[PDB]
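S.K.:
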Amino acid sequence: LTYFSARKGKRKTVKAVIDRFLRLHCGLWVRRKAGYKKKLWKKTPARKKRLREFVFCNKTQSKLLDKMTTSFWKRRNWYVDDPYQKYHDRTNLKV
Amino acid sequence: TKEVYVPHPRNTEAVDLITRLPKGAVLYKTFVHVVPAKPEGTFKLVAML
Amino acid sequence: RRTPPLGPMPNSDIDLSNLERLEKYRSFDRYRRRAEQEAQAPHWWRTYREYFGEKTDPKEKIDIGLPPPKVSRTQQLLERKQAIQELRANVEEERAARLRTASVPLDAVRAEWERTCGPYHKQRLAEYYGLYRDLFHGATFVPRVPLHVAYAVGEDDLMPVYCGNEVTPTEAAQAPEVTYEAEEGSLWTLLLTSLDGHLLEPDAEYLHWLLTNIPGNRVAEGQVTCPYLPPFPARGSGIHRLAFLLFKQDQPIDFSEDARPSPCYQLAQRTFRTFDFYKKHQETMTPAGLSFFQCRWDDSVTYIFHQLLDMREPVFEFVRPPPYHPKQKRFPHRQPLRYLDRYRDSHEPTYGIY
Amino acid sequence: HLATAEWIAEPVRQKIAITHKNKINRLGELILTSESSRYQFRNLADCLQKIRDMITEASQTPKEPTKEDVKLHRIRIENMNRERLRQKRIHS
Amino acid sequence: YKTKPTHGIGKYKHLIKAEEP
Amino acid sequence: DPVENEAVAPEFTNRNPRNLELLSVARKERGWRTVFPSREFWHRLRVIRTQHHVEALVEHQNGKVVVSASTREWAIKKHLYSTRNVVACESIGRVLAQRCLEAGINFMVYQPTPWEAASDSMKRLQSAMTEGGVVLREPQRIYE
Amino acid sequence: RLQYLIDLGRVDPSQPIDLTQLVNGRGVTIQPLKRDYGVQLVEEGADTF
Amino acid sequence: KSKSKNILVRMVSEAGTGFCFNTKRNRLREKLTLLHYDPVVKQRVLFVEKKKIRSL
RNA sequence: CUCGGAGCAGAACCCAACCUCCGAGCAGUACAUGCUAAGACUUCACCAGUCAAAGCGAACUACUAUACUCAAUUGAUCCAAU
Ligand SMILES: [K+]
Ligand SMILES: [Mg+2]
Ligand SMILES: [Mg+2]
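Protein chains in written order, with the authors' numbering: chain 3, 94 to 188; chain W, 100 to 148; chain 6, 27 to 380; chain p, 104 to 195; chain f, 48 to 68; chain P, 37 to 180; chain M, 100 to 148; chain 1, 10 to 65.
#1: Just list the alpha helix (DSSP H) runs in the stretch 302-355 of chain 6, keeping only unbroken ones of 4 residues or longer that don't cross its boundaries, in chain order.
#2: Taking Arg63 (chain P) as the query, report the chain W residues whose CB atoms sit under 7 angstroms from its CB, ordered along the chain.
#3: Using Cβ-Cβ distances below 9 angstroms, what residues of the stretch 41-54 of chain P are close to chain W?
#4: Where are the alpha helix (DSSP H) runs, 4 residues long or more, that stay fully inside the stretch 91-175 of chain 6, in chain order?
#5: For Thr42 (chain 1), I'd like the list of residues in its chain whose CB is within less than 6 angstroms of its CB, leaving aside the five on either flank, ordered along the chain.
#6: If you measure beta-carbon to beta-carbon, which residues of the stretch 131-150 of chain 3 are closer than 8 angstroms to chain 6?
#7: Does DSSP classify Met144 (chain P) as helix, strand or coil?
#8: Report yes if the C-beta of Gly156 (chain 6) is less than 7 angstroms from at least one heavy atom of ligand 1; otherwise report no.
#9: Return the first residue and the last residue of the beta strand (DSSP E) that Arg130 (chain P) is part of.
#10: When you compare the CB positions of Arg28 (chain 6) and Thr53 (chain f), do they come within less than 8 angstroms of one another, or not?
#11: Do the CB positions of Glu23 (chain 1) and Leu55 (chain 1) come within less than 8 angstroms of each other?
#12: Going straight from the alpha carbon of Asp324 (chain 6) to that of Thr166 (chain P), what length do you get?
#13: Please confirm whether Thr205 (chain 6) and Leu237 (chain 6) have their CB atoms less than 8 angstroms apart.
#14: Between the stretch 100-134 of chain P and chain 6, which residues of the former have a C-beta closer than 8 angstroms to a C-beta of the latter?
#15: Taking contact to mean 3 or more Cβ pairs, one atom from each stretch, closer than 8 angstroms, check whether the stretch 134-146 of chain p and the stretch 31-39 of chain 6 are in contact.
#16: Tell me the DSSP bridge mates of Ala105 (chain P)?
#17: Is there a C-beta anywhere in chain p that falls below 8 angstroms from the one on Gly169 (chain P)?
#18: Report yes or no: do the stretch 281-288 of chain 6 and the stretch 245-254 of chain 6 share at least 3 C-beta pairs separated by less than 8 angstroms?
#19: Would you say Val141 (chain M) lies against chain 6 (beta-carbon separation less than 8 angstroms)?
#20: Hey, does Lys60 (chain f) have any beta-carbon neighbour from chain 6 nearer than 8 angstroms?
#21: Could you name the residues of chain p that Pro175 (chain P) contacts, counting a contact when the two beta carbons are closer than 8 angstroms?
#22: Let me check understanding here. Comparing Cα to Cα, which of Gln52 (chain 1), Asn31 (chain 1) and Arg36 (chain 1) lies closest to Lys12 (chain 1)?
#23: If you check the beta carbons only, do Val102 (chain P) and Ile180 (chain p) fall under 8 angstroms apart?
#24: Alpha carbon to alpha carbon, how far is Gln63 (chain 6) from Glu152 (chain P)?
#25: What does DSSP give as the partner residues of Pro121 (chain W) in its beta bridges?
#26: For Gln162 (chain P), which residues from the same chain have a beta carbon less than 8 angstroms from its beta carbon, with the 5 sequence-adjacent residues on both sides left out?
#27: Mind checking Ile193 (chain p): buried by the 16 CB within 10 Å criterion, or exposed?
#28: For a quick check, are the C-beta atoms of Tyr154 (chain 6) and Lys100 (chain P) less than 8 angstroms apart?
#29: Using a threshold of 8 angstroms, state whether the C-beta atoms of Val103 (chain W) and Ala61 (chain 6) are closer than that.
#30: Work out the CA separation of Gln295 (chain 6) and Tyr127 (chain W) for me, nearest whole Å.
#31: So what does DSSP say about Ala146 (chain W), is it helix, strand or coil?
#32: Please list the residues of the stretch 118-131 of chain W that have a C-beta atom closer than 9 angstroms to any C-beta atom in chain f, keeping them in chain order.
#33: Count the other CB atoms within 10 Å of the CB of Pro168 (chain p); is the residue buried (16 or more) or exposed (fewer)?
#34: Straight-line CA distance for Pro95 (chain 6) to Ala208 (chain 6)?
#35: Does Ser155 (chain P) come within less than 8 angstroms of chain p when only Cβ atoms are used?
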């Protein structure tokens, strides 16, 4: 990671993360399952359905992904007709 | 619990076993159960039409 | 570490020295038959029956019915064997059985069954339906006096009441035609109770009909202690049980305390418990016959509630327990995106302060 | 009040009372309730749409044979056996 | 289970003659 | 001025043992997949054939017999040349079907063995039950 | 939010309301540099408007 | 890693929807024509092999 | 040098040696091995892997039938072909 850029002296974003992960404003990260497009002819339907799921990351992964991205990517966005709009805020979450 | 074990008649292997047993001999196996805790539901007054 | 068995272990009486000379099952049916027998015996280890079998009381059920009829087995057996010989001697009978064209007359079978095994089959069936558990708090009786209840439907049809057959409230709008075999000079009491109809109290019943001091089998001449009320099973409440209990009175009884005003359209007055009623009259009264049917709500029950009872019709609904979900966690690792919907109250977008 | 409502047609009035007899109370008022939204507006709009659907169904008089529900299949068998037990008077 | 009194309630191969090819 | 008759408990108590069964919402005993026969039923037809007699039982999964028809009964025996042949088995079905309707039992499961199911006796007993009105398959439980 | 702004005199309903009047009343904060294209009127609070 | 006895082929729906699924068949046997469920039309339709994906 | 079964490791789980033994890198049958969805398991992390009620759509008139048989029978990301 680049903590201080040579031209602006600012922290940089690792663009590899942006290409693979979605960050919900609540702090959760969404990813796809590795191999979900690989050798489907030898995989059962139950396994293939599991591979198509959009799953969450754990605390350690989320903390790492937050460090690898700048504040711009953690802001609240209001995209029109956003599919993931509902998942940005948590509900009935105790601790 | 421990229950008497009667296999399916289509189960060729198990059926051959029991037919060769001596008369008066019953096989036993351990079974695991789930005793339902709650009822399926309850009738509730919904209206007074 | 080992522990000795608390009793005789299975497969213990088998002599393992003479295994080759011991007889084998050889058939699946012979093993299953022995297997079913062993499963029924009491065991000192944990069993399925222990956790799922209904906990019957150890003391036997008190019999409160009429005495069994006395029959001469020797004469009865002689006549029965003679009849079989006559039937088997007929050549036309043998060819019909050999060619599988013979049949039994169901009408005659029921008439004989009603005289012989009918009472015990009705008792076994009444116990299954829970009548003895609810009506007499576990005490059972053999319905030795066949009771024939029929609801006149139309002008040319009848709806017979047997022992759990379904009869609709519309068919039971008017009092049924009750006929039983009774000697001259005897007295009987006939009642109709809804075991499950009661709305306010779970353990109570509704007395739909009460006829007392019936001379012989002339039900029309009995005293109308309680007028007839058609069944009113509430909508969505399920299938109810209505039982006709015939009683044999030893001597004339006074039911002034049990008298209900004519007409009786107050559910508080209809509230009735058979156990309490019989207990006070047990000394001079014995259960003789039994019939019952199963009744669910139909459009005619609305008439009973609105007009006869002058009340709003209560509707019920079968409600299932809410679905279980584990406690929501801040990071639901490896859970699909629909995890969050499981814990969402509303499906409409929320915007918070904005 | 369904019967008094003159904005609905008389034949339609009589057919709605039969089809939706379970939604008419003792006084004769057809009661419709919607609780599927947070907003009173959408709840009312749903209730009003149900009224418009009732009138459309009654006037359409559809003769298409609808597919039988599972719960109805069992009641059909039970009704058949109840009619099969019906007897006739020995001397009518 | 080994320590319990019901140990070996499911034994059955001592009731069958051994099979030899 | 509340009406006394309108005093209704918020929860209705129906003690009819068959109530939930007839609504097809009661639990069936699922499981026992490695043994025979299944328990996933409310009522079952069970036929007992002996050396001299033929008996058919309708029993609830809890083990209680509801209705029964046996050639040991004099009502049936007196009309049968033989109580051990195919005719006896067909007759038992016809008698049992009528008793089932009178008890309110319209559905049950029949769990024959491969050889029993193929037997001519059991095929005639099953035809007798279906012609009599009883359906030898049970409706699916409603979970939702 | 719109009703709350009107009740407090921060937005004047006697004149036409547009983006300028909402911004001058500090009702909404628009960021054109962050690809904001304006305001979307959402139905939250319709019952009490 | 062993003698190639089977091959993977693409089965194309004959309904014209374009729905395809991959099946394994023996190399020496004739082209497969199968009755397979087509989600687009929501009922079973005849499929015909068009191409060989790879050797198994 | 990866994967599976057994002993060591006797009874919940786990457990090493250039320790002791045997195997795998497929094949065969289906063509709804369709879709979807509670609740769980998990090779000590992650990745990956595993089992599933209900429901939709089918099948069905009893082929131990609706998550095929089989123990392992296998390969991430980028990229390339389409
Ligand atoms: K009740
Ligand atoms: Mg783990
Ligand atoms: Mg399922």
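We put the beta carbon where it would ideally sit given N, CA and C, even for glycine.
M.R.: The short version:
#1: Fully enclosed alpha helix (DSSP H) runs of 4 or longer: 325-329.
#2: For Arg63 (chain P), the residues of chain W that pass the 7 angstroms Cβ criterion are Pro135 and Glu139, in the order they occur in the chain.
#3: Taking 9 angstroms as the Cβ-Cβ cut-off against chain W, the residues of the stretch 41-54 of chain P that qualify are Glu42, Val44, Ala45, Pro46, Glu47, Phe48, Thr49 and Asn50.
#4: 99-115, 117-124, 132-141, 144-155 and 157-161, all fully within the stretch 91-175 of chain 6.
#5: If we look at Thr42 (chain 1) and ignore the five residues flanking it on each side, its Cβ neighbours are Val57.
#6: Contacts with chain 6 (Cβ-Cβ distance below 8 angstroms) from the stretch 131-150 of chain 3 involve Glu146, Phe147, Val148, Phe149 and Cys150, listed in chain order.
#7: Assignment of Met144 (chain P) by DSSP, reduced to helix, strand and coil, places it in the coil class.
#8: Outside the cutoff, so no.
#9: Boundaries around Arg130 (chain P) are those of the alpha helix (DSSP H), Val122 to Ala139, since no beta strand (DSSP E) includes it.
#10: No.
#11: Their beta carbons are under 8 angstroms apart, which means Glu23 (chain 1) touches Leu55 (chain 1) by this criterion.
#12: Near 28 angstroms, if we compare the C-alpha coordinates of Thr166 (chain P) and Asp324 (chain 6).
#13: It is not a contact, given that the beta carbons lie outside the stated cut-off.
#14: So the close ones are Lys100, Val101, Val102, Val103, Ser104, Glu109, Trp110, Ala111, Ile112, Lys113, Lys114, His115, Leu116, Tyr117, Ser118, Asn121, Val122, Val123, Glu126, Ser127, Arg130, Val131 and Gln134.
#15: These segments do not touch.
#16: Looking at the DSSP assignment, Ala105 (chain P) forms a beta bridge with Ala92 (chain P).
#17: By this cut-off, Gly169 (chain P) is an interface position.
#18: Short answer: they touch.
#19: So, interface residue.
#20: Among the CB atoms of chain 6, none fall inside 8 angstroms of the CB of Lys60 (chain f).
#21: Going along chain p in sequence order, the residues near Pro175 (chain P) (Cβ under 8 angstroms) are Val173, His176 and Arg177.
#22: Taking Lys12 (chain 1) as reference, the option from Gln52 (chain 1), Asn31 (chain 1) and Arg36 (chain 1) with the minimal CA-CA separation is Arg36 (chain 1).
#23: Not in contact: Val102 (chain P) and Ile180 (chain p) (Cβ atoms no closer than 8 angstroms).
#24: Cα to Cα, the separation comes out at about 20 angstroms.
#25: Partner(s): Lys50 (chain 6).
#26: Correct list, in chain order: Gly129, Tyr146 and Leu172.
#27: Exposed.
#28: Closer than 8 angstroms, so yes.
#29: Yes, these two residues count as a Cβ contact at 8 angstroms.
#30: Using only the alpha carbons, I get a separation of about 58 angstroms.
#31: Strand.
#32: For the stretch 118-131 of chain W, which is checked against every Cβ of chain f, the residues closer than 9 angstroms are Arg119, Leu120, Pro121, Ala124, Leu126, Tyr127, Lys128 and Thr129.
#33: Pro168 (chain p) should be labelled exposed.
#34: Take the alpha-carbon of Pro95 (chain 6) and the one of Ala208 (chain 6): they are about 15 angstroms apart.
#35: Put simply, the CB of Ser155 (chain P) is far from chain p, with every gap to its CB atoms at 8 angstroms or more.
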